[PDB]
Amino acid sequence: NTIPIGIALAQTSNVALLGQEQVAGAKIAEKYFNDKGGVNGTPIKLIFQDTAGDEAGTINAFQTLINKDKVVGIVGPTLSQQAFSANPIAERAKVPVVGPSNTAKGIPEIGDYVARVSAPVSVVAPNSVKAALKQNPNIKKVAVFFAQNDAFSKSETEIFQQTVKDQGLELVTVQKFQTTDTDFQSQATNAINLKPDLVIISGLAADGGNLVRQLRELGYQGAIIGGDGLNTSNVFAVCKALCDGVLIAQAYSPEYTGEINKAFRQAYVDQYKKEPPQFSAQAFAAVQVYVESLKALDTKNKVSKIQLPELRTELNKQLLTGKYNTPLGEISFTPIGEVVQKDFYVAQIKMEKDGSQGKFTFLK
């Protein structure tokens, strides 16, 4: 006998360039928590249902988890774009959702059953602009690019644009693209002709990486900031040596000294031979929220005896009140399901000259 928790993430499509890192974190969490006895002796069972890359696939995954798989709660989905369409399904069904990495403005406001462990674009994105200005105080002109078909990218670009203005910089252009585009010659050239000192990109991984590469190919030599959708080593294959120097804000640090992070990091490094990515840590933290909430609930009200609809409602109520020492640091929730989290960072892509290998170097 086990307690089923649904994991609805992008395991296929180009969205899996982000989703697979989340899956990795969730699987590490399952072993970590089950090795500690699960929920007061009862193992959890993560049930994975692939969302693919669109809204319909996410809705289908959620409905399957809720109805067929009888899950007590869902971790997911990968994208804010997917969350805005699918989360209302879970809200209506009174099934809790904990988003690992969705950072668009407005997600917890979807309803009483929607929470997230990822701080939103408003507190994550500005740090990377500040980091760029530290590395080059003479930046004056900024070109901004965003994926106009993606909800998170639109939310993130608004924050980047406001930060550029607040830092007293000149916004020379805002260029639009689609996440499904591979060619950006026209937008890149448009921006390059305006002589920017800094370029900021809000898109996802394949698109963001292709744009970074093309900017460099077309002769751009200035600074580049990538938003959260580019925050994966999966971009390395796309821009290769030309990824070098890209600045990306982080909501997780491998070097954070929390005991659980040490355990998580050690488990990750031993398996994957590199530091745990943000998306992996965030997924771990979302599973942790469910495990620790289930334990607290079970102690007060034995879960094996609670019928499913009431169990879901009580679990949702419980998780919102909890305090969690996670790989992301000590976190909790506001009454609306927004995360409370203290520390943020910026890292910079450092590629080896040959372009076949790289890493994220954390700025001090």
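Sequential numbering from 1, following the sequence displayed. We call the rigid core whatever largest set of C-alpha positions still superposes within 1.5 Å between the two forms.
Larger mean CA deviation from the shown form in 6 other deposited structures of this protein [core fit; 300-308 vs 43-51]: Checking 300-308 against 43-51 in 6 other deposited structures of this protein, I find the farther stretch is 300-308.
Of 13-21 and 352-360, which departs more from this form in 6 other deposited structures of this protein by CA RMS after core fitting: Comparing 352-360 with 13-21, the larger C-alpha deviation in 6 other deposited structures of this protein belongs to 352-360.
Of 256-264 and 153-161, the stretch whose C-alpha atoms average the higher B-factor in the entry: Between 256-264 and 153-161, it is 256-264.
Mean C-alpha temperature factor, higher of 303-311 and 25-33: The stretch with the larger mean CA B-factor is 303-311.
Maximum C-alpha temperature factor, selected from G203, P137, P96, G76: Out of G203, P137, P96, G76, the record gives the largest C-alpha B-factor to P137.
Among modelled residues of the same chain, the CA temperature factor third for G41: Within its chain, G41 is a middle-third residue by C-alpha B-factor, going by the deposited values.
Entry-reported Cα temperature factor of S13, expressed as the chain third it lands in: Bottom third by C-alpha B-factor.
Record-listed C-alpha B factor of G337: chain third: Tercile = middle for this residue's CA B-factor.
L363 CA temperature factor, ranked by third within the chain: Its C-alpha B-factor, which the entry lists for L363, ranks in the highest third among residues of this chain.
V124 - which third its CA temperature factor falls in, relative to the rest of the chain: Highest third - that is where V124 ends up once the chain's C-alpha B-factors are sorted.
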